[PDB]
Amino acid sequence: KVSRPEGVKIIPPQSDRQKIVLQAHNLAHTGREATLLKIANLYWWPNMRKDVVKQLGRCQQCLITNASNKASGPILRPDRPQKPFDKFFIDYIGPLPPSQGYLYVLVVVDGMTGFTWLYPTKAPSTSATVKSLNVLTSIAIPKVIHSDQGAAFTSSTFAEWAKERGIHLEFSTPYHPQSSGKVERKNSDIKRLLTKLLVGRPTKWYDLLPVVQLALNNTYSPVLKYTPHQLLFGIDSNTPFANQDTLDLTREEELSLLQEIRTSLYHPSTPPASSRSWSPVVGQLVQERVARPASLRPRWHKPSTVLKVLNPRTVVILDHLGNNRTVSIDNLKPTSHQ
Amino acid sequence: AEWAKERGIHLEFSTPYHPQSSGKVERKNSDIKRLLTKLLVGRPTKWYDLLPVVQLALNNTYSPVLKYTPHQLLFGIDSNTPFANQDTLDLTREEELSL
Amino acid sequence: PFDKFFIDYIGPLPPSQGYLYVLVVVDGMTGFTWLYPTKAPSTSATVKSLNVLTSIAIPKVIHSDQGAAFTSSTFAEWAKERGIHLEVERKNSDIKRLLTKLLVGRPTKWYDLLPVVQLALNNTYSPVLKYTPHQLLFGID
Amino acid sequence: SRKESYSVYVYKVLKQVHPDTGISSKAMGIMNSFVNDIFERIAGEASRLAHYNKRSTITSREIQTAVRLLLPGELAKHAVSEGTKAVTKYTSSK
Amino acid sequence: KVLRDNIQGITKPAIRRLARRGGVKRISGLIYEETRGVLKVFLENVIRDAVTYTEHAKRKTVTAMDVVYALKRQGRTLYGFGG
Amino acid sequence: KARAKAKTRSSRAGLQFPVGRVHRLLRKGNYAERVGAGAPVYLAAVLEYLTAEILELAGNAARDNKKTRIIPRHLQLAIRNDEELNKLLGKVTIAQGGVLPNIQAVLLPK
DNA sequence: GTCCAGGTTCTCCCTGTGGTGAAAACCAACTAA
DNA sequence: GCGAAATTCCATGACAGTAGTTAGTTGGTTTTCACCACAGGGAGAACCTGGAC
DNA sequence: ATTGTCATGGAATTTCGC
DNA sequence: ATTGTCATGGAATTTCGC
Ligand SMILES: [Mg+2]
């Protein structure tokens, strides 16, 4: 027994510590504070909160439903490559409205410039991608191709073609479309060019695809002030409104002018890291997000321990399935009350 | 609306395609689907059984930045629940209405 | 408040949609009146009407007269699962005089006016307590 | 090559209501061909229910009407309620 | 809506006139309680199959093709009304 | 990488007849173009009630004539003993069965 | 009632069928978009 | 004055309708093949019943 | 054993005229 | 003739002991 300035409170025995809190926790499955104010109606003892934290680490009905209130930190701006044909960012769009028996459009953005390439297909299979790049590998051979972890790219067949070319396949972390950078941007360009052309007519967009990789590839980057053509080739082709400012020069010498054009480009700004950021630690318990969460189901899986940290945004976790699932830190949550 | 004019209900509707306007109900639907989610872990989702639980388990969760039950701010005192306050039993109910 | 429920049936009425006896709840200090109709006067039909009440109000002591559903075996099996120790005054006189003469006089129209009968009782002034039961219940003046 | 069948799924029903009972080979083929026939009556009436209401979709509603047509009287009361248990159990899962 | 005593609406000459179309000269007086029985068996196996079509499309009117679809089911096809 | 535990859809509904095999016999039988996810569940239940109801009755006639296994005579005789099972299979011959024992009670000897 | 004929039951030996245990094959379910 | 304990603060995320569908792969289920422990029938006889009279 | 982004219009900024 | 929100865990803050 004890006296408080709000009334008489009760000191329970040491054997009755875990039982009295667990029966108050499971009344509404709350966390640290609404749990505590239930006990603040009958009981009181020194270090109440050291026992409530002792509960929640065992209560595995509450770890896999509540989401984190701790955002991930600053995003990474990775640097541009120094040549073209180094990173291609590929991603099917569609199902679009149909035309000519086409629904899916492979979009191959160069990571150097923004020079898009379009190769429409009937269905996003493996072989529809493979013949779509045999047109494009006729031009030149890339070192690295980034993508998402698609249904067609992760096939064991598609990788066996990719090892022939010298393609270093690179895949995004799963359920993270933000990783594929430029292709998710130019797909907001292609669907703002083909949107603008097709206003007030039936969407016959298979006609307008030779337009798009000539209309976007000659849009000046308004914060770089160049064409995609100039940063890829060096001079404009026979287009309307093409520069004559390079015709006062020698092409045999402006090749090495062009390598100094490419290394003076604008680099983006990293945002300031907000206050409630958090960093992964090798050994910290983390919880992935459930991939396709069904209705009335856990949003998160059971806890997992970080094996390796690759950068401050990419971490390899050890899932319940026994899985070394290389997820982002916009997937994970910090496991509550370690 | 013709039933609503009988009761004296002033209907109010949100602006369209704006679910953020309806404030609390979009919050408590993230509570009901975090209570019924937590109860129904590892069993078939027989959630029609657990609905008398939810409007008694959430209605006695202390608001952790207001420090009260929904019961106390609606009625004034706790009903016969586990872990109910005795701090109001040192008072008169005829005067704690205006408290 | 939430002290003791004096709970009593009223009937047998003319049935409307298969309901016979009306469960009336008298609160401990306030005198608020829940009106849940029951199908049959058994223990089975009142607890399912009391389960809607348990989500809103649970009394400290359940105490009424001797009947078949208010004195039963499974009624106490459920009550001790909750943890309730077994064992306003003008609201008892409405059971015997008023509400019996209100729920008799309409052939099937008593089932329709159950919230209309309910909302007038809670806003009735009590000269002994100098408040209405709705104001004593919710703490609004 | 492979002949698909319903022979295995009879022993998982025969050993539910008569656990001390075998069944012969030539009586399996009747309960095999009972299934394949009573399959395509229900499917082949749910199929023709899709055209009669201009939908390309066999729902689990259309199998219910194509059992209240083929089964008479008291089988049409049970085999409806012996399906809606196995759906409500199914959909509350997954 | 309920209107009874209408299995007795199949009157005594109108079963005799149906008997004459079958090529029947002399009949008994106890066919009349047999024909009304065999008739209501045949309409409790068509209306029971017709209404499950009309309920399935959530229609409230058992239309002309519905009955023909019911008679399609039993193996007694009716031409002339569609279907 | 690995994946989760493959729980069959026959075990997710409490049935015994499959739903994976029924759901490819509604898209390779040209019954319609779209087949719902709940339809081969609901159909594998009705295939499972009616497979019991014969074998429930086929178990009894095996027992009443002191047999361990059910030969087709029992399937012949479990059908046409039940009334509503017979009205389903009223047109249907069962192989190797013969008929029910029946005399019209006029041919009885004098 | 009475005698006998064809049947039914009980037992012993024998066979064929079935229920199962093990590999292969294929489809169903899960995963990422 | 240091440390520990009770409390307050605040930035964040998720709820919004959610069902699908496709493509590719894997794990488990299923069909099939080889097998033997057995159940039922076939055979003989002992017991049996009713129709012939 | 991987990571946003980048077109776009007020609005602030710089040029610069004389 | 309408408008986010609010549970929740580091982390900072205040109490306060003597
Ligand atoms: Mg994609």
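Along the chain as shown, the residues are counted starting at 1.
Determined via electron microscopy, 3.9 Å.
Cβ coordinates are placed from backbone N, Cα and C, and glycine is handled just like the others.
Remark: F:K1 (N6-succinyllysine) has no non-local neighbours by Cβ distance under 8 Å and separation of at least 6 in sequence. According to Swiss-Prot, the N6-succinyllysine annotation covers F:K1 (among others), on the basis of experimental evidence.
Under the DSSP three-state reduction, F:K1 (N6-succinyllysine) is assigned to coil, being neither helix nor strand. Under the heading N6-(beta-hydroxybutyryl)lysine, Swiss-Prot lists F:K1 (among others).
What Swiss-Prot lists as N6-(beta-hydroxybutyryl)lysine is F:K5 (among others).
Contacts of F:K5 (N6-(beta-hydroxybutyryl)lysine) defined by a Cβ separation under 8 A and a same-chain sequence distance of 6+ are given as none. Here Swiss-Prot flags F:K5 (among others) as ubiquitin cross-link.
When secondary structure is read from DSSP and collapsed to three states, F:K7 (ubiquitin cross-link) falls in the coil class. In sequence order, no residues are near F:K7 (ubiquitin cross-link), counting only same-chain partners six or more apart with C-beta under 8 A. What Swiss-Prot lists as ubiquitin cross-link is F:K7 (among others), and the listing cites experimental evidence.
For F:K28 (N6-crotonyllysine), the number of other Cβ atoms no farther than 10 Å from its own Cβ, over all displayed protein chains, is 8. Feature annotation from Swiss-Prot assigns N6-crotonyllysine to F:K28 (among others); the stated evidence is experimental evidence.
Annotation comment: Swiss-Prot describes F:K28 (among others) as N6-(2-hydroxyisobutyryl)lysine, evidence class experimental evidence. Look at F:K28 (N6-crotonyllysine): DSSP puts it in coil.
The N6-(2-hydroxyisobutyryl)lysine annotation in Swiss-Prot covers F:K66 (among others) and is backed by experimental evidence. Under DSSP, F:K66 (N6-(2-hydroxyisobutyryl)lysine) is assigned to coil, being neither helix nor strand in the three-state scheme.
All protein chains shown were included, and the count of other CB atoms within 10 Å of the CB of F:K67 (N6-(2-hydroxyisobutyryl)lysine) stands at 16. The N6-(2-hydroxyisobutyryl)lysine annotation in Swiss-Prot covers F:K67 (among others) and is backed by experimental evidence.
If you take the C-beta of F:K87 (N6-(beta-hydroxybutyryl)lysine) and look for same-chain residues 6 or more apart in sequence within under 8 angstroms, you find none. What Swiss-Prot records for F:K87 (among others) is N6-(beta-hydroxybutyryl)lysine.
The annotation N6-succinyllysine is assigned in Swiss-Prot to F:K87 (among others) on the grounds of experimental evidence.
The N5-methylglutamine annotation in Swiss-Prot covers F:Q96. According to DSSP, F:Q96 (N5-methylglutamine) is assigned to coil rather than to any helix or strand. Around the Cβ of F:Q96 (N5-methylglutamine), 12 further Cβ atoms fall within 10 Å across all displayed protein chains.
There are 3 other CB atoms within 10 A of the CB of F:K110 (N6-(2-hydroxyisobutyryl)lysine), with all protein chains counted. Taken from Swiss-Prot, the feature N6-(2-hydroxyisobutyryl)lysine applies to F:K110 (among others).
Per Swiss-Prot, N6-crotonyllysine is recorded for F:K110 (among others), and the stated evidence type is experimental evidence.
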Distance [Cα-Cα, Å, rounded] between F:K28 (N6-crotonyllysine) and F:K66 (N6-(2-hydroxyisobutyryl)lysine):
43
Is any of the recorded positions F:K1, F:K7, F:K28, F:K66, F:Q96, F:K110 near chain A, in the sense of a CB under 8 A from one of its CBs, and if so which?
F:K1
State the three-class DSSP label for F:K110 (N6-(2-hydroxyisobutyryl)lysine), counting H, G and I as helix, E and B as strand, and everything else as coil.
coil
Give me the long-range Cβ neighbours of F:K66 (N6-(2-hydroxyisobutyryl)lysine): same chain, 6+ apart, Cβ under 8 Å, in sequence order.
none
Which of the modified residues F:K1, F:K5, F:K28, F:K67, F:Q96, F:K110 have a Cβ less than 8 Å from any Cβ in chain D?
F:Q96
How far is it from F:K67 (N6-(2-hydroxyisobutyryl)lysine) to F:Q96 (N5-methylglutamine), counting Cα to Cα, in Å?
17
